[PDB]
Amino acid sequence: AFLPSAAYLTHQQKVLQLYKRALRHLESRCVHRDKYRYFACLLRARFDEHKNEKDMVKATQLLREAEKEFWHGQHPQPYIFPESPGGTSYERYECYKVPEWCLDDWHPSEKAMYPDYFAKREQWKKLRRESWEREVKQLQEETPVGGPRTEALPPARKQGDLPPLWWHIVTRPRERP
Amino acid sequence: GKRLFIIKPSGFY
Amino acid sequence: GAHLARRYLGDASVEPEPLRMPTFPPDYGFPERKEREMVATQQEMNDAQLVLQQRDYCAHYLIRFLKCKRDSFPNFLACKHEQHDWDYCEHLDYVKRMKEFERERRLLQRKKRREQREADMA
Amino acid sequence: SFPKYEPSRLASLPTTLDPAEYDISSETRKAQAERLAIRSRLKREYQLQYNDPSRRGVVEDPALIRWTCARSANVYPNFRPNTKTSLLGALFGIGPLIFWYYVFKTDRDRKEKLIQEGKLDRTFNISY
Amino acid sequence: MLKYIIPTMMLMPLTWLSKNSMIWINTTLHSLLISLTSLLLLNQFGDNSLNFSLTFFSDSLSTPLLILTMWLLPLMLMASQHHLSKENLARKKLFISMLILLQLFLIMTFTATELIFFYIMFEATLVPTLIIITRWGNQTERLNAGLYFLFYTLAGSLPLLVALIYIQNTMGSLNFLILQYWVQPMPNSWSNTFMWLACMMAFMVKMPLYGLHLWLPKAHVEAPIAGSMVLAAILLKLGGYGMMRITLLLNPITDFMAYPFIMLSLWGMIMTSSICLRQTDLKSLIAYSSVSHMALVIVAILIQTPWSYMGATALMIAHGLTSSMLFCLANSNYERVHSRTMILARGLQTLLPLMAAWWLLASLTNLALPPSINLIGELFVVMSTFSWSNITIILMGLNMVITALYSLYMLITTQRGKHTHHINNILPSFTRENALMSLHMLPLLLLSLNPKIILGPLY
Amino acid sequence: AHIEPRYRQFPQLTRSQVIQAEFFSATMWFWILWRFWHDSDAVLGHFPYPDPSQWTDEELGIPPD
Amino acid sequence: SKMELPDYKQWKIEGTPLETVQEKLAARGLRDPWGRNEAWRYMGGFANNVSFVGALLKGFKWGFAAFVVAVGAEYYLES
Amino acid sequence: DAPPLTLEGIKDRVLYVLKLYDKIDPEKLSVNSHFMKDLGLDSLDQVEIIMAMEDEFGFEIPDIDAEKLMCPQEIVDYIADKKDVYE
Amino acid sequence: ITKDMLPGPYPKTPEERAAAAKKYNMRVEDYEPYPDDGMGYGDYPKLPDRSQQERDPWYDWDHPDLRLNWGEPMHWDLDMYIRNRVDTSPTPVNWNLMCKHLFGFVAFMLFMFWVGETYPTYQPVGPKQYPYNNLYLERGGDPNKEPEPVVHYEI
Amino acid sequence: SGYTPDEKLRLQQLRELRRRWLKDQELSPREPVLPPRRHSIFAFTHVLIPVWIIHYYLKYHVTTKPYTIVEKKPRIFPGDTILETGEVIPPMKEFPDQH
Ligand SMILES: CCCCCCCCCCCCCCCCCC(=O)OC[C@H](COP(=O)([O-])OC[C@H](O)COP(=O)([O-])OC[C@H](COC(=O)CCCCCCCCCCCCCCCCC)OC(=O)CCCCCCCCCCCCCCCCC)OC(=O)CCCCCCCCCCCCCCCCC
Ligand SMILES: CCCCCCCCCCCCCCCCCC(=O)OC[C@H](COP(=O)([O-])OCC[N+](C)(C)C)OC(=O)CCCCCCCCCCCCCCCCC
Ligand SMILES: CCCCCCCCCCCCCCCCCC(=O)OC[C@H](COP(=O)(O)OCCN)OC(=O)CCCCCCCCCCCCCCCCC
Ligand SMILES: *C(=O)CCCCCCCCCCCCC
């Protein structure tokens with residue numbers, strides 16, 4: 001439906017995502033660990049019954065009525081992990097995730113308070129600006145004509161090169177800044 | 001031990 | 001709360017309406033009925049700054065309790081007896097209100113039996 | 001069996017209950033792959049500018065500029081006065097004006113009549 | 001008044017004889033000295049106005065508008081010196097000359113004893129404003145903006161001219177002091193109906209009236225920052241000042257001529273405030289909020305009670321300071337991201353916290369947080385309109401809901417949430433920028449300590 | 001010494017938090033029992049509620065006719 | 001620094017309600033593979049927690065003892 | 001509060017949860033044991049392993065990431081990347 | 001930015017529809033403009049009218065708080081469908097059934113408050129008795145006038 | 001099936017660079033290099049000087065004006081003695097005792 005690498009979900013991926021959603025909603029309905037553990041084994045037994053189904057039309061039909069089964073039997077307030085989307089602590093620390101480029105705008109009196117940090121920051125900046133042209137020419141010699149098909153990026157292929165488009169993955173803020 | 005640098009904008013100005 | 005069921009589910013002609021009662025004269029059934037005696041002077045409970053809800057026929061025990069409560073500070077547990085005297089006289093006032101309600105209910109029963117006897121006789 | 005989900009304007013149909021989610025036909029695979037190709041091209045075009053060390057500024061999005069231009073400046077060149085726009089422009093443009101005119105006029109005529117007949121209690125009203 | 005007119009004119013040789021590096025410093029310094037001097041106009045009396053000469057007077061209506069006008073010029077110079085840094089030196093001096101000339105026309109617009117001299121200064125303000133918008137505005141649309149601003153005004157104001165000259169032929173004078181004692185009642189007729197429209201529609205355009213407001217979200221948006229500051233803070237208030245002077249002559253016909261316009265204002269502040277909920281351009285949102293705030297001043301002047309005039313002049317001063325500060329805040333983000341799209345640069349409190357505090361205070365004054373003079377003017381107008389008709393509280397109170405909703409949405413979109421990743425040119429706030437915000441916000445908050453000087457002639 | 005975290009087992013308890021928790025639980029039950037011993041009428045009733053059917057017609061003034 | 005985890009072999013589901021769960025699953029031909037992962041919740045210091053009336057009556061014993069001591073104290077102090 | 005995670009601690013806890021799983025014998029398990037090719041597990045078993053990892057460390061692994069964690073070392077590297085360990 | 005990347009008039013010929021689909025960075029088979037009824041939309045695409053809350057939150061969005069990529073055509077009401085605002089997400093209970101249950105609960109409670117107002121509870125007591133002509137001077141009665149005597153008796 | 005070998009290699013290289021970046025966020029033992037820089041003073045500065053200022057303001061500026069501090073008149077009971085007059089308030093009438 002919407003994925004960065006794949007254009008779709010396969011049938012096997014849909015079955016596994018239904019199985020995980022159904023177990024999480026069953027754990028929300030079935031709060032206690034032994035009671036959840038019993039009904040989770042029963043749900044695994046319901047998933048193992050039609051596991052060796054070769055007819056893909058029959059399997060798609062079973063998946064579709066199993067989604068109707070889930071939509072009838074879901075919890076109205078399922079458990080959400082706190083940093084997970086919809087959680088009570090989700091995107092809580094984004095106000096503290098200052099991007100690294102703001103350190104370029106510091107005054108020299110407050111850069112002098114951290115001499116070794118900024119001396120070590122400048123060699124990261126030097127590494128990034130000497131890696132940039134090599135990784136651009138890596139991307140354009142490896143992307144096919146008409147543009148990239150998927151959003152997957154290649155690794156570094158030579159000894160000495162960095163992976164293309166690495167800086168905002170590496171220098172991203174911490175989850176607890 | 002293991003004090004971490006806190007990235008913050010410039011508070012000088 | 002049986003009177004609610006007797007007024008709402010039964011007949012309302014024999015049950016006293018609370019918003020307009022007594023509907024009978026106070027001397028109707030009483031030879032030489034005496035008035036309620038007010039102990040606290042109107043100026044006394046004016047100077048004691050009582051709430052107008054509290055200036056009823058038993059405000060004198062309230063004035064005694066408030067004078068105790070002022071004079072026994074900081075011992076705020078030291079006027080249980082004056083408070084109980086005021087609470088007991090309020091209890092007696094509420095019992096008098098219950099007696100007025102039961103009096104009006106029995107007189108409406110008397111009027112019901114009177115009109116039924118008049119209908120059956122003549 | 002189970003109560004069928006009835007989608008509304010403000011409560012859409014789930015992805016897992018949509019019948020077109022289970023289309024395995026080759027034309028839907030081509031459409032999904034072509035959408036992935038457009039999104040990957042826009043993604044690469046964005047993050048080649050986003051990861052540039054020499055760049056210091058705003059990576060301009062022509063989609064955002066295009067949206068803000070459509071919301072403001074393209075509206076009157078694409079307006080045609082017809083039955084729909086005239087009947088909506090007069091219902092929502094002068095309709096409430098007539099409504100609040102008659103409400104406030106009726107209220108002030110009634111209040112002025114009560115004051116000149118000595119009926120409106122205006123006893124301590126000296127601030128106005 | 002000539003102790004203010006002559007230093008304002010002496011700012012012209014001061015800007016044209018200054019050294020090239022000194023033209024902002026010198027004009028800022030001496031315009032601040034003129035603004036300090038402007039407090040001598042607070043010699044106001046409980047009965048008489050301060051009547052200087054045959055040509056000039058100043059009561060408690062014109063005095064806060066004069067102090068705000070003379071205060072806004074140094075703040076406009078501070079706001080404009082950064083984006084005109086690369087400008088040619090003579091064009092920079094011509095820009096400062098247009099601001100000085102606009103101050104000169106405004107200070108004798110508000111003090112003009114006679115109404116046709118009020119008309120000439122009132123219309124003379126158009127020419128520097130038109131030049132500032134069309135010459136130093138940033139975009140193409142400034143040219144079209146300069147046409148709308150020019151031609152909604154004159155089409156309203158040329159019937160005023162005729163009307164004023166008619167009063168000159170009927171009363172024998174257009175001295176406002178003479179017209180205070182020689183005013184005759186204006187009865188119900190068609191001649192007096194179009195007399196009323198000719199006296200009122202130029203100021204209805206200047207306020208702006210809803211439905212006549214369309215020049216403003218082009219003129220205030222396409223202007224440079226000093227243009228937007230003087231347009232929102234001062235030039236809208238020429239309409240309110242002119243109404244408060246001209247409705248002396250329009251009684252008792254106003255008591256039913258006001259009914260359509262009041263409707264246009266009472267529903268119009270519901271409309272334009274709602275428009276602010278869906279504005280994508282931040283500067284357009286601030287402009288539509290100005291239309292919504294001036295709708296209350298229109299209602300308050302048309303119902304013509306003491307409480308409504310006091311609320312309307314307090315709301316005019318308060319809106320001047322608040323809207324000028326909001327345009328300066330939006331400009332401080334525009335001078336970093338070079339786009340007025342409000343959804344573009346987000347999460348700015350993580351990057352610019354003190355400027356986010358200025359955004360917070362300007363939003364709180366925009367939504368009329370008590371005890372700000374914004375709330376004093378707002379509340380007094382609401383009291384008087386409730387006395388006018390008790391149902392108006394609905395359209396009043398609902399407005400105060402929506403006014404809160406667009407004020408904080410503006411604050412939530414630009415300051416809160418996650419910062420935009422690809423925007424990396426968010427410089428720390430300059431001392432000039434925080435200074436500009438404080439010179440708006442600190443006098444605005446200090447006026448809550450003593451609001452009687454901004455309550456007008458019938459305090 | 002501060003509390004060291006544990007894995008899959010019951011945490012370390014300080015003696016002080018246990019004696020404070022037991023002291024305030026005991027203080028709650030002491031206060032409930034003490035006030036119930038001394039007041040006993042804020043819960044159970046202060047004054048006897050009279051029965052209106054037991055009232056004679058002589059004290060209510062009901063002439064039998 | 002280094003945290004020493006307890007031994008994994010001690011987490012056995014015998015004596016826990018996971019044993020009852022495994023019995024009721026084996027009655028219908030099933031088996032629970034994640035029981036020993038959940039077994040720590042029902043063992044050790046987390047086994048045998050109080051009931052709800054045992055939770056409300058926390059401190060009732062010492063509170064009643066102090067009550068009896070204070071009632072005897074005032075009963076001797078009045079005389 | 002909130003004790004910091006180490007790579008050795010994450011590895012110990014991942015292997016601990018996998019040793020408490022009855023479909024994996026704890027003597028054949030290593031950090032590089034592929035769940036399907038070495039341990040002979042199902043994809044449903046892999047979903048349950050990732051759910052036990054989520055319950056262990058208290059955060060959610062999304063399904064686009066969970067389907068690719070096919071050995072304990074990939075799980076340890078994922079938890080290391082999402083919690084920024086060895087700062 | 002330039003003129004042929006700005007929005008324009010409604011596309012009529014299929015090659016105009018194709019080039020405006022190319023302009024908004026989307027497929028021709030997915031590009032549907034708003035219907036040409038003169039409301040002022042032009043060639044701007046009618047996107048499926050979903051909130052940004054319905055977007056996949058685990059995807060690497062270019063704008064993660066907005067759940068929106070760079071160059072993706074924004075919905076006409078994107079400022080309306082932000083996550084601070086109107087949510088269109090699927091609900092566990094159907095919309096019409098939610099409206100029926102909420103309206104039925106509120107209407108039943110208002111009806112029963114009206115019923116209990118018509119049939120109130122009270123206690124079997126008479127009215128509260130106050131001395132001094134029902135506290136005539138205390139309630140603000142003027143002392144130059146004299147009320148009727150309100151006399152209460154023992155019972 | 002898990003990762004492709006390109007995904008494994010890219011995640012390994014990004015992992016190494018990310019852990020180098022996170023290691024480079026630790027401070028030196030000299031950092032932050034800072035520039036070179038009465039027991040009951042709270043009850044004196046926050047209590048007693050404000051009580052002095054506020055008592056001066058209330059005594060000589062607020063209560064010198066009419067109706068600025070208006071106090072409810074004190075509650076008078078039967079049996080009280082007035083300080084300003086000496087007039088003893090007479091007690092209440094004897095109670096018709098109830099219990
Ligand atoms: C004539 C003499 C007068 C003397 C007294 C002064 C009277 C008021 C004048 C104006 C004062 C405003 C100055 C501060 C705010 C602006 C700057 C700022 O944000 O600085 C932060 C900074 C400290 O913060 P930081 O940690 O360094 O960095 C900030 C962070 O980035 C992040 O910042 P942040 O968000 O964490 O913190 C901002 C915070 C944010 O907090 C809020 O926004 C919440 C405020 C609203 C709710 C609470 C208040 C509700 C109303 C009650 C108060 C009024 C009535 C009280 C009376 C009793 C009831 C009637 O604001 C405050 O804490 C400011 C406190 C005062 C707020 C006033 C009301 C503003 C609300 C909007 C209008 C409301 C109506 C108008 C009220 C006018 C009253 C006079 O402050 C300063 O450095 C202050 C500098 C010096 C200020 C001088 C003030 C006077 C200037 C006048 C000069 C001429 C006369 C000489 C007098 C001089 C006296 C010393
Ligand atoms: C911004 C856009 C809208 C602007 C609106 C501006 C005001 C609208 C009304 C203007 C009317 C014309 C000027 C009236 C001056 C009144 C002076 C006076 O003494 O009047 C009484 C006089 C009365 O004549 P008299 O005073 O000589 O007579 C002696 C007195 N009696 C009557 C007793 C014998 O009125 C007139 O002579 C005519 C008044 C109406 C004029 C109609 C023609 C103009 C129509 C409106 C045009 C408005 C602008 C159009 C352009 C729009 C934009 C492109
Ligand atoms: C004594 C009498 C008692 C009477 C009681 C009954 C009267 C009132 C009846 C109900 C009216 C108010 C309720 C409706 C508006 C509520 C708006 C609101 O809270 O929206 C919240 C919404 C998102 O919130 P949510 O989805 O819960 O968040 C989860 C995390 N995403 O957030 C958004 O969508 C943001 C939207 C911002 C813009 C909102 C526009 C609507 C404004 C409505 C104003 C109504 C004014 C009424 C005036 C009445 C005058 C008397
Ligand atoms: C007659 O019934 C008088 C009592 C007040 C009206 C009925 C109140 C019913 C609810 C209170 C009693 C609940 C007992 C569990």
# chains A, B, ... in the order shown; residues from 1 in each chain; ligands from 1
>>> residues_near_ligand(ligand="ligand 3", cutoff="8 Å", atoms="only C-alpha atoms and all ligand atoms", output="ChimeraX atom specification")
/E:277,394-395,397-398,401-402,405,409 /I:53,83-87
>>> write_last_selection(atoms="C-alpha atoms", output="compact mmCIF listing (two decimals), in the first residue's frame")
# COMPACT_ATOMS: atom_id res chain seq x y z
CA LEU E 277 -8.28 29.99 10.22
CA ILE E 394 -23.56 35.88 20.26
CA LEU E 395 -21.70 37.44 17.35
CA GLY E 397 -18.60 35.97 21.85
CA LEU E 398 -18.24 33.63 18.89
CA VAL E 401 -13.65 32.16 20.19
CA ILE E 402 -12.38 32.39 16.62
CA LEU E 405 -8.37 30.05 17.54
CA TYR E 409 -2.91 28.41 15.45
CA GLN I 53 -3.34 11.23 10.61
CA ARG I 83 -2.96 16.35 12.68
CA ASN I 84 -3.86 19.37 14.88
CA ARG I 85 -7.23 19.44 13.11
CA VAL I 86 -9.89 17.31 11.34
CA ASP I 87 -9.28 13.56 11.62
>>> residues_near_ligand(ligand="ligand 2", cutoff="7 Å", atoms="only C-alpha atoms and all ligand atoms", output="number ranges by chain")
E: 152-153, 155-156, 159, 162-163, 166, 191-192, 194-195, 197-198, 201-202, 205
>>> interface_residues(of="chain E", to="chain D", cutoff="8 Å", atoms="only C-alpha atoms", output="PyMOL selection string")
chain E and resi 259-260+263-264+267+280-281+305-307+337+341+383-384+387-389+391-392+422-425
>>> write_last_selection(atoms="N, CA and C atoms", output="PDB file, in the first residue's frame")
ATOM      1  N   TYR E 259     -27.537  50.758  10.474  1.00  0.00           N
ATOM      2  CA  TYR E 259     -28.030  49.376  10.460  1.00  0.00           C
ATOM      3  C   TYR E 259     -27.432  48.455   9.397  1.00  0.00           C
ATOM      4  N   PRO E 260     -27.278  48.832   8.112  1.00  0.00           N
ATOM      5  CA  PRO E 260     -26.610  47.889   7.196  1.00  0.00           C
ATOM      6  C   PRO E 260     -25.146  47.687   7.518  1.00  0.00           C
ATOM      7  N   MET E 263     -24.422  45.537  10.388  1.00  0.00           N
ATOM      8  CA  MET E 263     -24.562  44.139   9.980  1.00  0.00           C
ATOM      9  C   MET E 263     -23.331  43.679   9.229  1.00  0.00           C
ATOM     10  N   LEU E 264     -22.869  44.511   8.279  1.00  0.00           N
ATOM     11  CA  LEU E 264     -21.653  44.221   7.533  1.00  0.00           C
ATOM     12  C   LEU E 264     -20.451  44.120   8.444  1.00  0.00           C
ATOM     13  N   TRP E 267     -21.293  40.674  11.072  1.00  0.00           N
ATOM     14  CA  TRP E 267     -21.057  39.432  10.371  1.00  0.00           C
ATOM     15  C   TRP E 267     -19.670  39.404   9.757  1.00  0.00           C
ATOM     16  N   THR E 280      -2.985  30.529   4.367  1.00  0.00           N
ATOM     17  CA  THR E 280      -1.691  29.888   4.208  1.00  0.00           C
ATOM     18  C   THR E 280      -0.561  30.900   4.243  1.00  0.00           C
ATOM     19  N   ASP E 281      -0.857  32.143   3.889  1.00  0.00           N
ATOM     20  CA  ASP E 281       0.092  33.239   3.958  1.00  0.00           C
ATOM     21  C   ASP E 281      -0.048  33.877   5.333  1.00  0.00           C
ATOM     22  N   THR E 305     -22.106  55.527  21.585  1.00  0.00           N
ATOM     23  CA  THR E 305     -22.266  55.693  23.017  1.00  0.00           C
ATOM     24  C   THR E 305     -20.918  56.082  23.622  1.00  0.00           C
ATOM     25  N   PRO E 306     -20.887  56.576  24.874  1.00  0.00           N
ATOM     26  CA  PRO E 306     -19.581  56.846  25.503  1.00  0.00           C
ATOM     27  C   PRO E 306     -18.693  55.629  25.669  1.00  0.00           C
ATOM     28  N   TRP E 307     -19.264  54.511  26.110  1.00  0.00           N
ATOM     29  CA  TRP E 307     -18.508  53.272  26.248  1.00  0.00           C
ATOM     30  C   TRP E 307     -17.985  52.771  24.914  1.00  0.00           C
ATOM     31  N   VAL E 337      13.561  32.892   5.754  1.00  0.00           N
ATOM     32  CA  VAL E 337      13.171  31.820   4.838  1.00  0.00           C
ATOM     33  C   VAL E 337      12.723  32.320   3.475  1.00  0.00           C
ATOM     34  N   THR E 341       4.804  31.845   3.380  1.00  0.00           N
ATOM     35  CA  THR E 341       3.988  30.670   3.655  1.00  0.00           C
ATOM     36  C   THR E 341       4.167  30.257   5.108  1.00  0.00           C
ATOM     37  N   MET E 383     -19.503  45.629  25.837  1.00  0.00           N
ATOM     38  CA  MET E 383     -20.482  46.177  26.781  1.00  0.00           C
ATOM     39  C   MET E 383     -21.479  47.086  26.078  1.00  0.00           C
ATOM     40  N   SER E 384     -20.963  47.997  25.251  1.00  0.00           N
ATOM     41  CA  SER E 384     -21.831  48.948  24.573  1.00  0.00           C
ATOM     42  C   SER E 384     -22.706  48.272  23.520  1.00  0.00           C
ATOM     43  N   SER E 387     -25.543  46.581  25.245  1.00  0.00           N
ATOM     44  CA  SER E 387     -26.588  47.548  25.558  1.00  0.00           C
ATOM     45  C   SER E 387     -27.369  47.966  24.317  1.00  0.00           C
ATOM     46  N   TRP E 388     -26.711  47.986  23.156  1.00  0.00           N
ATOM     47  CA  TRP E 388     -27.381  48.284  21.894  1.00  0.00           C
ATOM     48  C   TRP E 388     -28.431  47.229  21.569  1.00  0.00           C
ATOM     49  N   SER E 389     -28.038  45.960  21.617  1.00  0.00           N
ATOM     50  CA  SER E 389     -28.947  44.833  21.477  1.00  0.00           C
ATOM     51  C   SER E 389     -28.300  43.646  22.161  1.00  0.00           C
ATOM     52  N   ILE E 391     -28.580  40.537  21.754  1.00  0.00           N
ATOM     53  CA  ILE E 391     -28.268  39.379  20.928  1.00  0.00           C
ATOM     54  C   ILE E 391     -26.856  39.460  20.345  1.00  0.00           C
ATOM     55  N   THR E 392     -26.275  40.669  20.257  1.00  0.00           N
ATOM     56  CA  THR E 392     -24.958  40.875  19.649  1.00  0.00           C
ATOM     57  C   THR E 392     -23.847  40.106  20.345  1.00  0.00           C
ATOM     58  N   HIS E 422      14.846  20.608   6.198  1.00  0.00           N
ATOM     59  CA  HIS E 422      15.681  21.138   5.132  1.00  0.00           C
ATOM     60  C   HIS E 422      15.988  22.620   5.276  1.00  0.00           C
ATOM     61  N   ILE E 423      15.344  23.326   6.196  1.00  0.00           N
ATOM     62  CA  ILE E 423      15.623  24.741   6.402  1.00  0.00           C
ATOM     63  C   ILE E 423      16.739  24.845   7.431  1.00  0.00           C
ATOM     64  N   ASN E 424      17.895  25.349   7.005  1.00  0.00           N
ATOM     65  CA  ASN E 424      19.048  25.446   7.890  1.00  0.00           C
ATOM     66  C   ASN E 424      19.635  26.851   7.949  1.00  0.00           C
ATOM     67  N   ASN E 425      18.916  27.862   7.472  1.00  0.00           N
ATOM     68  CA  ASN E 425      19.403  29.235   7.520  1.00  0.00           C
ATOM     69  C   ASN E 425      18.695  30.065   8.588  1.00  0.00           C
TER      70      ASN E 425
END
>>> closest_atom_pairs(of="chain H", to="chain B", cutoff="12 Å", atoms="only C-alpha atoms", output="tab-separated table")
residue	atom	partner	partner_atom	distance
H:4	CA	B:2	CA	10.6
H:85	CA	B:2	CA	12.0
H:86	CA	B:2	CA	10.1
H:87	CA	B:4	CA	8.1
>>> interface_residues(of="chain D", to="chain I", cutoff="10 Å", atoms="only C-alpha atoms", output="PyMOL selection string")
chain D and resi 3-15+31+34-35+38-39+41-47+50+59-85
>>> residues_near_ligand(ligand="ligand 4", cutoff="7 Å", atoms="only C-alpha atoms and all ligand atoms", output="list in words")
residues 1, 2, 3 and 4 of chain C; 121, 122 and 123 of chain I
>>> write_last_selection(atoms="C-alpha atoms", output="mmCIF file, in the first residue's frame")
data_model
loop_
_atom_site.group_PDB
_atom_site.id
_atom_site.type_symbol
_atom_site.label_atom_id
_atom_site.label_comp_id
_atom_site.auth_asym_id
_atom_site.auth_seq_id
_atom_site.Cartn_x
_atom_site.Cartn_y
_atom_site.Cartn_z
ATOM 1 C CA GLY C 1 -40.116 8.095 50.478
ATOM 2 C CA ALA C 2 -43.378 6.173 50.516
ATOM 3 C CA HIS C 3 -45.235 9.498 50.389
ATOM 4 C CA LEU C 4 -43.761 10.113 46.924
ATOM 5 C CA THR I 121 -38.620 14.353 45.383
ATOM 6 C CA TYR I 122 -39.171 15.992 48.763
ATOM 7 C CA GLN I 123 -39.434 15.118 52.440
#
>>> closest_residue(among="A:112, A:119, A:22, A:16", to="chain H", atoms="only C-alpha atoms")
A:16
>>> residues_near_ligand(ligand="ligand 1", cutoff="6 Å", atoms="only C-alpha atoms and all ligand atoms", output="NGL selection string")
:E and (353-354 or 357 or 360-361 or 364-365 or 369-372 or 442 or 445-446 or 448-449)
>>> write_last_selection(atoms="C-alpha atoms", output="mmCIF file, in the first residue's frame")
data_model
loop_
_atom_site.group_PDB
_atom_site.id
_atom_site.type_symbol
_atom_site.label_atom_id
_atom_site.label_comp_id
_atom_site.auth_asym_id
_atom_site.auth_seq_id
_atom_site.Cartn_x
_atom_site.Cartn_y
_atom_site.Cartn_z
ATOM 1 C CA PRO E 353 13.170 30.881 21.926
ATOM 2 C CA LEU E 354 13.147 34.599 22.801
ATOM 3 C CA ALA E 357 8.321 34.589 23.589
ATOM 4 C CA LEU E 360 3.565 34.443 22.466
ATOM 5 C CA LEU E 361 3.077 37.955 23.864
ATOM 6 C CA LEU E 364 -1.860 36.960 23.719
ATOM 7 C CA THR E 365 -2.445 40.633 23.003
ATOM 8 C CA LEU E 369 -5.800 38.797 27.120
ATOM 9 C CA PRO E 370 -6.743 40.876 30.183
ATOM 10 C CA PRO E 371 -5.670 43.343 31.379
ATOM 11 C CA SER E 372 -4.210 44.443 28.036
ATOM 12 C CA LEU E 442 6.749 47.094 26.283
ATOM 13 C CA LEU E 445 1.950 46.425 28.207
ATOM 14 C CA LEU E 446 2.811 49.627 30.089
ATOM 15 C CA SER E 448 -2.324 48.702 30.924
ATOM 16 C CA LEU E 449 -0.950 50.475 34.004
#
>>> interface_residues(of="chain F", to="chain C", cutoff="10 Å", atoms="only C-alpha atoms", output="list in words")
residues 46, 47, 48, 49, 50, 51, 52, 53, 55, 57, 58, 59, 60, 61, 62, 63, 64 and 65 of chain F
>>> residues_around(residues="segment 34-45 of chain H", least_positions_apart="4", cutoff="7 Å", atoms="only C-alpha atoms", output="PyMOL selection string")
(chain A and resi 16) or (chain H and resi 24+49+70-71)
>>> residues_around(residues="residue 141 of chain A", least_positions_apart="6", cutoff="12 Å", atoms="only C-alpha atoms", output="JSON, numbers by chain")
{"A": [134, 135, 147, 148, 154, 164]}
>>> residues_around(residues="residue 144 of chain A", least_positions_apart="6", cutoff="12 Å", atoms="only C-alpha atoms", output="MDAnalysis selection string")
(chainID A and resid 138 150) or (chainID D and resid 37 41)
>>> write_last_selection(atoms="N, CA, C and O atoms", output="PDB file, in the first residue's frame")
ATOM      1  N   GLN A 138      28.724   8.439  -7.307  1.00  0.00           N
ATOM      2  CA  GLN A 138      28.303   7.054  -7.115  1.00  0.00           C
ATOM      3  C   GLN A 138      26.821   6.880  -7.409  1.00  0.00           C
ATOM      4  O   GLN A 138      26.424   5.895  -8.040  1.00  0.00           O
ATOM      5  N   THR A 150      13.102   2.280  -6.683  1.00  0.00           N
ATOM      6  CA  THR A 150      12.756   2.249  -5.272  1.00  0.00           C
ATOM      7  C   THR A 150      13.554   3.313  -4.532  1.00  0.00           C
ATOM      8  O   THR A 150      14.464   3.936  -5.080  1.00  0.00           O
TER       9      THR A 150
ATOM     10  N   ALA D  37       7.900   4.725  -8.372  1.00  0.00           N
ATOM     11  CA  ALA D  37       8.951   5.347  -9.169  1.00  0.00           C
ATOM     12  C   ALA D  37       8.900   6.866  -9.078  1.00  0.00           C
ATOM     13  O   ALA D  37       9.947   7.512  -8.947  1.00  0.00           O
ATOM     14  N   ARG D  41      11.799   9.094  -7.323  1.00  0.00           N
ATOM     15  CA  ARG D  41      12.447  10.183  -8.042  1.00  0.00           C
ATOM     16  C   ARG D  41      12.362  11.489  -7.266  1.00  0.00           C
ATOM     17  O   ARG D  41      13.360  12.209  -7.145  1.00  0.00           O
TER      18      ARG D  41
END
>>> residues_around(residues="segment 17-24 of chain G", least_positions_apart="4", cutoff="10 Å", atoms="only C-alpha atoms", output="number ranges by chain")
A: 33-39, 41; G: 12-13, 28-36, 38-39, 42
